[PDB]
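Coming up is one lone chain in structure tokens, specifically the form deposited without the named molecule.
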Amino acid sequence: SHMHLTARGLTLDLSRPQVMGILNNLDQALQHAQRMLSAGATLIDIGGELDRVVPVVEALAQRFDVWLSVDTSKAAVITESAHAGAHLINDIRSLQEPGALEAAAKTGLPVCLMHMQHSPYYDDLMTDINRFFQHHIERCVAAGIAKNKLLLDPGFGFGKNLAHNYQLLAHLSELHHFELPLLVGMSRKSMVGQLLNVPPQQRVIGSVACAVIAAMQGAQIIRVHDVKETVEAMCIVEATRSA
């Protein structure tokens, strides 16, 4: 592909699967970030709010060359994080909070929209996901955020039971029809843990096998705890797909 994102004068090449590392004391964070970079992550996702999140963005921005992603729903945090050097806004609530869509538009930053839905239930999961994204992509565009700024995250684990998460992983290539990059996060989740019955630090192998499946279907960005293992797996996936 020529799929890519643009932020802060930089290009992120999504021609091959990129690993996003998860970052959740200040100095421990920066040592963890450096380790994820050396392991080969090209993005670091910072999760919280303003006083926890913003300084680590500032700190990361000063010291590293790597894309910074901030997961927030708060208009304030979106705004400040932009000033601090964030490249990407990842919102679980798809900019539905008051002022969130406006603040995001203003920044000009790429925005990740995430599907989410009490026991979860769908008449047809893929139909609902599509309808949800068609709707919210229109809402972003109407707000001035260009279609080329958007990423879609089908939200594994979010209002989805075990059978749903695996159905969505089996049909994941279907979301390419939007012509936008897919970001997926399955790392150490219950969808792995409920199948293996192990604690989270023992879900590394299952999480990597989910990452491999998703990458084989063209997912552009993989968000994970265990960067170095997921990077090595993605080299195996890249070599098969180039054969």
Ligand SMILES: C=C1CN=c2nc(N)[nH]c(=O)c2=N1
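Residue indices: 1-based, along the sequence shown.
Another form, the form solved in complex with the named molecule, is not on view; read the next lines as being about it.
- If you superimpose the site C-alphas and bring the named molecule over from its pose in the bound PDB entry, none of its atoms is within 2.4 angstroms of a backbone or C-beta atom of this form, and that means open.
- Contact check for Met36: no non-hydrogen atom falls within 4.5 Å of the named molecule in the bound PDB entry.
- Contact annotation: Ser94 falls outside 4.5 Å of the named molecule in the bound PDB entry, judged by heavy atom distances.
- Proximity of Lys189 to the named molecule in the bound PDB entry: non-hydrogen atoms within 4.5 Å are present.
- Contact check for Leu101: no non-hydrogen atom falls within 4.5 Å of the named molecule in the bound PDB entry.
- Only one segment in the set 166-174, 142-150, 129-137, 85-93 has any non-hydrogen atom within 4.5 angstroms of the named molecule in the bound PDB entry, and it is 85-93.
- Interface residue among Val57, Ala41, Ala214, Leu183, judged by heavy atoms within 4.5 Å of the named molecule in the bound PDB entry: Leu183.
- Heavy atoms closer than or equal to 4.5 Å to the named molecule in the bound PDB entry belong, across 112-149, to the residues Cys112, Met114, ordered by sequence position.
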